[PDB]
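Here is start31.pdb, consisting of PDB, C-alpha atoms (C1' of nucleotides):
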```pdb
ATOM      1  CA  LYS A  14      62.272   1.549   4.349
ATOM      2  CA  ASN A  15      62.480   2.971   7.865
ATOM      3  CA  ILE A  16      59.106   4.226   9.104
ATOM      4  CA  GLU A  17      57.411   4.798  12.466
ATOM      5  CA  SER A  18      54.206   2.743  12.547
ATOM      6  CA  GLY A  19      51.659   1.022  10.349
ATOM      7  CA  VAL A  20      48.737  -1.400  10.596
ATOM      8  CA  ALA A  21      48.319  -5.120  11.295
ATOM      9  CA  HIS A  22      46.019  -6.865   8.820
ATOM     10  CA  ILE A  23      45.255 -10.390  10.014
ATOM     11  CA  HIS A  24      43.037 -12.331   7.589
ATOM     12  CA  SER A  25      42.301 -15.409   9.672
ATOM     13  CA  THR A  26      40.098 -18.156   8.241
ATOM     14  CA  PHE A  27      39.410 -21.849   8.801
ATOM     15  CA  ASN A  28      42.249 -22.976   6.512
ATOM     16  CA  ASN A  29      44.901 -20.287   6.960
ATOM     17  CA  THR A  30      45.862 -16.966   8.523
ATOM     18  CA  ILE A  31      47.604 -14.269   6.490
ATOM     19  CA  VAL A  32      49.274 -11.450   8.390
ATOM     20  CA  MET A  33      50.104  -8.286   6.463
ATOM     21  CA  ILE A  34      51.711  -5.150   7.876
ATOM     22  CA  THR A  35      51.019  -1.974   5.929
ATOM     23  CA  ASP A  36      51.410   1.766   6.223
ATOM     24  CA  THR A  37      48.377   3.755   7.342
ATOM     25  CA  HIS A  38      47.736   5.032   3.799
ATOM     26  CA  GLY A  39      47.921   1.443   2.549
ATOM     27  CA  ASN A  40      51.170   0.601   0.778
ATOM     28  CA  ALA A  41      52.420  -2.620   2.289
ATOM     29  CA  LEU A  42      55.519  -3.190   4.391
ATOM     30  CA  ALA A  43      55.491  -6.957   5.056
ATOM     31  CA  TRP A  44      53.402 -10.107   4.994
ATOM     32  CA  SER A  45      53.533 -13.793   5.854
ATOM     33  CA  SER A  46      51.335 -16.857   6.252
ATOM     34  CA  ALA A  47      51.358 -20.431   7.492
ATOM     35  CA  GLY A  48      52.172 -21.905   4.096
ATOM     36  CA  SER A  49      54.987 -19.373   3.816
ATOM     37  CA  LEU A  50      56.348 -20.616   7.132
ATOM     38  CA  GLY A  51      56.029 -24.171   5.788
ATOM     39  CA  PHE A  52      52.847 -25.565   7.316
ATOM     40  CA  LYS A  53      50.617 -28.062   5.521
ATOM     41  CA  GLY A  54      47.248 -29.737   5.860
ATOM     42  CA  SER A  55      45.325 -28.542   8.892
ATOM     43  CA  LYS A  56      48.445 -27.025  10.491
ATOM     44  CA  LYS A  57      47.779 -23.836   8.532
ATOM     45  CA  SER A  58      44.612 -23.359  10.604
ATOM     46  CA  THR A  59      46.477 -23.176  13.914
ATOM     47  CA  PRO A  60      47.211 -20.429  16.467
ATOM     48  CA  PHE A  61      50.816 -21.615  16.407
ATOM     49  CA  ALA A  62      50.942 -21.072  12.655
ATOM     50  CA  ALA A  63      49.477 -17.591  13.107
ATOM     51  CA  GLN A  64      52.079 -17.020  15.824
ATOM     52  CA  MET A  65      54.964 -17.989  13.544
ATOM     53  CA  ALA A  66      53.494 -15.856  10.752
ATOM     54  CA  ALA A  67      53.370 -12.822  13.016
ATOM     55  CA  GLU A  68      56.912 -13.584  14.180
ATOM     56  CA  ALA A  69      58.371 -13.679  10.669
ATOM     57  CA  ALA A  70      56.430 -10.639   9.468
ATOM     58  CA  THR A  71      57.390  -8.616  12.550
ATOM     59  CA  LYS A  72      61.032  -9.620  12.142
ATOM     60  CA  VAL A  73      61.094  -8.362   8.558
ATOM     61  CA  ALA A  74      59.148  -5.214   9.437
ATOM     62  CA  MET A  75      61.403  -4.336  12.380
ATOM     63  CA  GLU A  76      64.387  -5.006  10.123
ATOM     64  CA  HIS A  77      62.970  -2.273   7.902
ATOM     65  CA  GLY A  78      62.249  -0.105  10.968
ATOM     66  CA  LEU A  79      59.066   0.615  12.929
ATOM     67  CA  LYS A  80      57.803   0.537  16.516
ATOM     68  CA  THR A  81      54.006   0.280  16.782
ATOM     69  CA  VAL A  82      50.894  -0.781  14.865
ATOM     70  CA  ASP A  83      47.116  -0.672  14.754
ATOM     71  CA  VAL A  84      45.296  -3.992  14.368
ATOM     72  CA  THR A  85      42.631  -4.623  11.709
ATOM     73  CA  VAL A  86      41.114  -8.028  12.316
ATOM     74  CA  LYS A  87      39.057  -9.889   9.731
ATOM     75  CA  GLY A  88      37.610 -13.360   9.498
ATOM     76  CA  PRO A  89      36.898 -16.478  11.557
ATOM     77  CA  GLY A  90      39.546 -18.687  13.154
ATOM     78  CA  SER A  91      41.498 -18.641  16.402
ATOM     79  CA  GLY A  92      44.871 -17.294  15.234
ATOM     80  CA  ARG A  93      43.806 -13.778  16.281
ATOM     81  CA  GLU A  94      44.754 -13.977  19.949
ATOM     82  CA  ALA A  95      48.022 -15.861  19.476
ATOM     83  CA  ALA A  96      49.150 -13.583  16.659
ATOM     84  CA  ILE A  97      48.393 -10.415  18.614
ATOM     85  CA  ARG A  98      50.221 -11.768  21.665
ATOM     86  CA  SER A  99      53.164 -12.556  19.397
ATOM     87  CA  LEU A 100      53.101  -9.019  17.987
ATOM     88  CA  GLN A 101      53.394  -7.738  21.551
ATOM     89  CA  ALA A 102      56.188 -10.225  22.264
ATOM     90  CA  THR A 103      58.248  -9.539  19.133
ATOM     91  CA  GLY A 104      57.998  -5.860  20.023
ATOM     92  CA  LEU A 105      55.265  -3.970  18.197
ATOM     93  CA  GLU A 106      53.166  -2.130  20.765
ATOM     94  CA  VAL A 107      49.528  -2.869  19.973
ATOM     95  CA  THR A 108      48.180   0.662  19.598
ATOM     96  CA  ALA A 109      44.550  -0.378  19.133
ATOM     97  CA  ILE A 110      42.294  -3.102  17.729
ATOM     98  CA  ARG A 111      39.233  -3.124  15.514
ATOM     99  CA  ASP A 112      37.525  -5.876  13.538
ATOM    100  CA  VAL A 113      36.341  -5.064  10.013
ATOM    101  CA  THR A 114      34.534  -8.388   9.596
ATOM    102  CA  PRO A 115      32.406  -7.638   6.494
ATOM    103  CA  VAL A 116      28.682  -7.671   7.261
ATOM    104  CA  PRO A 117      26.999  -8.458   3.859
ATOM    105  CA  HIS A 118      23.780  -6.571   4.850
ATOM    106  CA  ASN A 119      21.980  -9.510   3.070
ATOM    107  CA  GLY A 120      23.936  -8.513  -0.096
ATOM    108  CA  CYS A 121      24.901 -11.830  -1.759
ATOM    109  CA  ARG A 122      23.637 -15.448  -2.117
ATOM    110  CA  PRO A 123      26.195 -17.700  -0.253
ATOM    111  CA  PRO A 124      26.788 -21.208  -1.599
ATOM    112  CA  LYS A 125      25.088 -24.375  -0.461
ATOM    113  CA  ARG A 126      25.923 -26.321   2.664
ATOM    114  CA  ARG A 127      28.440 -29.160   2.643
ATOM    115  CA  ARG A 128      25.696 -31.783   2.441
ATOM    116  CA  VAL A 129      22.737 -32.370   0.104
TER     117      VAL A 129
ATOM    118  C1'   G B   1     -44.497 -20.956   3.181
ATOM    119  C1'   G B   2     -47.687 -16.801   0.200
ATOM    120  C1'   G B   3     -49.447 -11.606   0.639
ATOM    121  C1'   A B   4     -50.166  -6.253   3.029
ATOM    122  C1'   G B   5     -47.394  -3.948   6.559
ATOM    123  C1'   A B   6     -44.440  -2.244  11.338
ATOM    124  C1'   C B   7     -39.618  -2.411  14.306
ATOM    125  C1'   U B   8     -34.179  -2.498  15.112
ATOM    126  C1'   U B   9     -30.620  -6.092  17.783
ATOM    127  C1'   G B  10     -28.317  -8.829  12.536
ATOM    128  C1'   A B  11     -26.163  -6.783   7.862
ATOM    129  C1'   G B  12     -24.642  -2.060   5.706
ATOM    130  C1'   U B  13     -24.163   3.475   4.997
ATOM    131  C1'   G B  14     -22.696   8.223   7.471
ATOM    132  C1'   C B  15     -19.372  11.304  11.509
ATOM    133  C1'   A B  16     -14.718  11.012  13.973
ATOM    134  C1'   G B  17     -10.396   8.582  15.052
ATOM    135  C1'   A B  18      -6.020   4.164  14.932
ATOM    136  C1'   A B  19      -2.609   0.929  13.101
ATOM    137  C1'   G B  20      -0.120  -1.459   9.448
ATOM    138  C1'   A B  21       6.853  -5.810   5.413
ATOM    139  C1'   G B  22      -1.526  -4.668   2.515
ATOM    140  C1'   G B  23      -1.008  -4.154  -2.971
ATOM    141  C1'   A B  24       0.636  -1.781  -8.042
ATOM    142  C1'   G B  25       3.914   2.215 -10.493
ATOM    143  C1'   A B  26       8.217   5.493 -10.253
ATOM    144  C1'   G B  27      12.885   6.780  -8.481
ATOM    145  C1'   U B  28      17.000   6.734  -4.556
ATOM    146  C1'   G B  29      20.210   4.694  -1.180
ATOM    147  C1'   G B  30      24.623   2.577   2.374
ATOM    148  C1'   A B  31      26.982  -2.492   3.369
ATOM    149  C1'   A B  32      29.046  -6.798   1.080
ATOM    150  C1'   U B  33      30.577  -9.848  -3.052
ATOM    151  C1'   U B  34      32.459 -10.075  -8.357
ATOM    152  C1'   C B  35      35.068  -7.434 -12.138
ATOM    153  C1'   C B  36      38.088  -3.262 -13.996
ATOM    154  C1'   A B  37      41.802   0.661 -13.199
ATOM    155  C1'   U B  38      45.929   2.778 -10.088
ATOM    156  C1'   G B  39      49.847   2.172  -6.499
ATOM    157  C1'   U B  40      52.499  -1.198  -2.219
ATOM    158  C1'   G B  41      54.498  -5.980  -2.075
ATOM    159  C1'   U B  42      56.180 -11.099  -3.641
ATOM    160  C1'   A B  43      55.432 -16.694  -3.212
ATOM    161  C1'   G B  44      52.426 -19.102  -2.455
ATOM    162  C1'   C B  45      46.608 -18.523  -2.430
ATOM    163  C1'   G B  46      42.553 -21.611  -2.324
ATOM    164  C1'   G B  47      40.566 -26.203  -0.756
ATOM    165  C1'   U B  48      40.286 -30.963   2.215
ATOM    166  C1'   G B  49      39.041 -36.397   6.602
ATOM    167  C1'   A B  50      43.334 -36.537   3.432
ATOM    168  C1'   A B  51      44.772 -34.505  -0.481
ATOM    169  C1'   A B  52      44.358 -33.072  -5.498
ATOM    170  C1'   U B  53      41.984 -30.218  -9.938
ATOM    171  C1'   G B  54      42.552 -24.938 -10.150
ATOM    172  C1'   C B  55      44.727 -19.861  -9.756
ATOM    173  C1'   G B  56      49.714 -17.633  -9.190
ATOM    174  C1'   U B  57      56.381 -15.110 -10.810
ATOM    175  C1'   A B  58      53.198 -12.482 -17.428
ATOM    176  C1'   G B  59      52.696 -10.051 -10.246
ATOM    177  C1'   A B  60      48.460 -14.147  -7.465
ATOM    178  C1'   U B  61      46.494 -13.721  -2.410
ATOM    179  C1'   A B  62      46.322  -9.584   0.452
ATOM    180  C1'   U B  63      46.487  -4.353   1.180
ATOM    181  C1'   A B  64      44.685   1.127   0.141
ATOM    182  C1'   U B  65      41.727   4.848  -3.534
ATOM    183  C1'   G B  66      38.076   5.103  -7.088
ATOM    184  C1'   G B  67      34.778   3.171 -11.142
ATOM    185  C1'   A B  68      31.088  -0.503 -13.645
ATOM    186  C1'   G B  69      27.393  -3.991 -12.937
ATOM    187  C1'   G B  70      23.615  -6.966 -10.788
ATOM    188  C1'   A B  71      20.973  -8.993  -6.662
ATOM    189  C1'   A B  72      19.292  -8.793  -1.578
ATOM    190  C1'   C B  73      18.032  -5.248   2.505
ATOM    191  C1'   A B  74      22.530  -6.320   8.861
ATOM    192  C1'   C B  75      20.532  -3.903  13.723
ATOM    193  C1'   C B  76      15.269  -2.577  14.555
ATOM    194  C1'   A B  77      12.828  -8.086  14.022
ATOM    195  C1'   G B  78       9.160 -10.600  18.274
ATOM    196  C1'   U B  79       4.530 -18.132  18.741
ATOM    197  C1'   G B  80       4.938  -9.322  16.357
ATOM    198  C1'   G B  81       1.890  -6.833  11.924
ATOM    199  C1'   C B  82      -1.179  -6.824   7.151
TER     200        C B  82
END
```

Translate this structure into structure tokens?
Amino acid sequence: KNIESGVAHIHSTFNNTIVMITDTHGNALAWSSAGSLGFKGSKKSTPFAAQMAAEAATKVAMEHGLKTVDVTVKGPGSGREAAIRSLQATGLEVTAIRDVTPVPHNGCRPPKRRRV
RNA sequence: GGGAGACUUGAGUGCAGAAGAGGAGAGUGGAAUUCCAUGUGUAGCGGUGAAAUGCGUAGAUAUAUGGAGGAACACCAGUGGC
């Protein structure tokens, strides 16, 4: 329950952001998202929704007990900045940041465009 | 134009060097996806102009450690090269 620090996994996309706080070896400690907060439609894709997600997840995580986190960013979208600022505000000192945006190295065929 | 020649500039051979996703055969790789397994954790995930179909409480998404399988080769990479 009570631990020292973990990680911040922030899977931001065009439709939703999903914040997940985990221990350094992996086993999770909290998570939340815009739909969890109660957002709908395009509101899920918002920095405010990412902010509220980080708020709720940090509240639960601090209720368990911790102080600081590393930040593992992944994906497009603009919730990154607002969510990180809200981590700082709700208390978790942002130890460090790194993006792990997967580079396919030309690995897979992506689907067609949204026309033709 | 025909025939008998002669010559080396054209064409080619030889000496020595240069470059190169040039081609065929063989194997090998790291990244990423998908799936499978093990844990964490639990209510939404995904998607849209809006939604909805779908998937998910039988443990989803996500997260961390491996494994299987296929395909394509980030940077270099450029009206650059063959």

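Matched in the shown structure by the PyMOL selection byres ((chain B) within 6 of (chain A)): residues 31, 32, 40, 41, 64, 72, 73 and 74 of chain B.
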
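A straight line drawn from CA of residue 127 (chain A) to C1' of residue 52 (chain B) is 18.3 Å long.
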
Original post:
What's the 10 Å shell around residue 94 (chain A), counting only C-alpha atoms (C1' of nucleotides), without same-chain residues fewer than 4 positions away, as a VMD selection string?
Top reply: chain A and resid 60 63 to 64 90 98 to 100

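Applied to the shown file, the PyMOL selection byres ((chain B and resi 13-29) around 10) selects the residues residues 12, 30, 81 and 82 of chain B.
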
Subject >> Between CA of residue 70 (chain A) and CA of residue 17 (chain A), distance in Å (one decimal) >> reply: 15.8 Å

**OP:** Would you write out, as a ChimeraX atom specification, every residue that the PyMOL selection byres ((chain A and resi 79) around 6) captures in this file?
**Re:** /A:16-18,75,78,80

Please save C-alpha atoms of the selected residues as a CSV table (one decimal), in the coordinates of the input.
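Done, and the output landed in result13.csv:
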```csv
chain,number,residue,atom,x,y,z
A,16,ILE,CA,59.1,4.2,9.1
A,17,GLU,CA,57.4,4.8,12.5
A,18,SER,CA,54.2,2.7,12.5
A,75,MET,CA,61.4,-4.3,12.4
A,78,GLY,CA,62.2,-0.1,11.0
A,80,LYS,CA,57.8,0.5,16.5
```

Original post:
What is the CA of residue 58 (chain A) to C1' of residue 45 (chain B) distance in Å?
Top reply: 14.0 Å

**OP:** Using only C-alpha atoms (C1' of nucleotides), pick whichever of B:71, B:51, B:7, B:63 has the shortest atom-to-atom distance to residue 39 (chain B).
**Re:** B:63

**OP:** Tell me, as a ChimeraX atom specification, which residues lie within 9 Å of residue 89 (chain A), counting only C-alpha atoms (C1' of nucleotides); anything in the same chain fewer than 5 positions away does not count.
**Re:** /A:24-27,114

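Minimum atom-to-atom distance to residue 48 (chain B), evaluated using only C-alpha atoms (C1' of nucleotides), belongs to A:53 out of A:108, A:53, A:47, A:87.
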
Put the listed atoms of region 29-33 of chain B in a box along x, y and z with 8 Å added on every side and give me the centre and edge lengths in Å to one decimal, as AutoDock Vina command-line options.
```
--center_x 25.4 --center_y -2.6 --center_z 0.2 --size_x 26.4 --size_y 30.5 --size_z 22.4
```

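Nearest to residue 15 (chain A) of all the residues A:68, A:76, A:83, A:112 is A:76, based on all atoms listed in the file.
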
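Near (39.4, 2.7, -9.3), the residues that fall inside 7 Å on the basis of all atoms listed in the file are residues 37, 38, 65, 66 and 67 of chain B.
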